[PDB]
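A lone chain, given as structure tokens: the form deposited in one PDB entry.
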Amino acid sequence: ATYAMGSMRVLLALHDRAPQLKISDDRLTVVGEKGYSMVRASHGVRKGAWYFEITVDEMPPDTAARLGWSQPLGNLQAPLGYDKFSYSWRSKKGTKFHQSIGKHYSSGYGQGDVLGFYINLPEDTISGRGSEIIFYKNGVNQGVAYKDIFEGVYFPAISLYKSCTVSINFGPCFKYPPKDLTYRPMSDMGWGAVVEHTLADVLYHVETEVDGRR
């Protein structure tokens, strides 16, 4: 059995997606089609603090997005946040959705906004700091949207209503990196990042062997 390495980079998933969504060749941009449907990223996280960004490239009138995090069982033919498996943030009025229950959260977002998505899943689920989902708008923390979330693997997730266009940035370089929290970029989950980190560590070691350090 060969190691299940997944995709070298974190991208929008090839098959773990609603077939009617239109996904770019580089698998970082997606366009909605008619009623709400969803796509997950190719890697998801189980523990630790993680971050990604989404830019609303175009949002014509009468189009909408619900963006956030989804476990593998989240319904791909429903808006994000429809069931217990996902948590989302709606462009219209900034509502937060989970199990189809929409609650006041923030002001709305739309075309040109760069949104940030933070999740923290502490190792110790009893005495740890507590699990959290936090949304950012153009670098501004919008508050803890959800806490004490269902344990599981969470994938960056995008659901779009009609023909709006968004682009997802998993890292490592973000437009508005949060100033108030630590995190790893979602891009660290691609096995190409593990290769880069392995070599980066080796190069640091070589530098110690050759130059010493002061």
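From 1 onward, residues are counted along the sequence shown.
Same protein, other form: the form deposited with a partner chain bound, not shown, and the subject of what follows.
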| property | result |
| --- | --- |
| Proximity of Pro79 to its partner chain in the bound PDB entry, heavy atoms at 4.5 Å | yes |
| Contact label in the bound PDB entry: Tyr36 to its partner chain, heavy atom within 4.5 Å | yes |
| Contact of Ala64 with its partner chain in the bound PDB entry (heavy atom, 4.5 Å) | yes |
| Non-hydrogen atom contact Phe117 with its partner chain in the bound PDB entry at 4.5 angstroms | no |
